[PDB]
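Novice: below: the sequence, then the experimentally determined structure.
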Amino acid sequence: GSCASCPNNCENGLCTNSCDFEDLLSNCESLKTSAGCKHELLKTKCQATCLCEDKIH
């Protein structure tokens, strides 16, 4: 059924995960405040926290 491939994310039957980036480190949100997503370091392991955000406005 719908949401079958993404039961934890379904705004209306569609998955909400469209980010092609992933945070290699779980401290990306923490490193961002201590560094910055624009920072080159976050640009390699925190590409999703900088280039994406699990949510695009």
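Specialist: Sure thing, it's come through. Numbers count the residues shown, from 1 in each chain.
Novice: my guess is residue 2 contacts residue 10. True?
Specialist: Yes - shown here, residue 2 and residue 10 form a contact pair, counting by CB atoms under 8 Å, at 6.8 Å. (Each C-beta comes from the backbone N, C-alpha and C, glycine too.)
Novice: ok, those two, which is more surrounded?
Specialist: Between residue 2 and residue 10, counted using other CB atoms under 10 Å, the more crowded position is residue 10 (14 against 11).
Novice: setting aside sequence neighbours, what's the nearest residue to the more buried one?
Specialist: Among residues not flanking residue 10 along the chain, residue 3 sits closest, at 3.9 Å (CB to CB, 6 or more residues apart in numbering).
Novice: against residue 48, how distant is that neighbour?
Specialist: Taking CB to CB, to the nearest Å as the measure, residue 3 and residue 48 are separated by 22 Å.
Novice: what is the burial count for residue 27?
Specialist: Each residue near residue 27 was counted by other CB under 10 Å, and the total is 12.
Novice: meant to ask about residue 42
Specialist: Around residue 42 there are 23 other residues, counting by other CB under 10 Å.
Novice: try residue 37
Specialist: The burial count for residue 37: 20, using other CB under 10 Å.
Novice: dump the C-alpha coordinates for the longest helix seen in the chain into CSV.
Specialist: The residue-count maximum for a helix in the chain (DSSP state H) belongs to helix 28-34. What follows is the C-alpha trace of helix 28-34 in CSV, where atoms were taken according to Å, rounded to 0.1, in the frame of the first residue of the first chain:
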residue,chain,number,x,y,z
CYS,A,28,26.2,17.8,12.1
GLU,A,29,23.5,20.0,13.8
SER,A,30,26.0,20.4,16.6
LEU,A,31,29.0,21.0,14.3
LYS,A,32,27.0,23.6,12.4
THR,A,33,26.5,25.9,15.4
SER,A,34,30.2,25.2,16.3
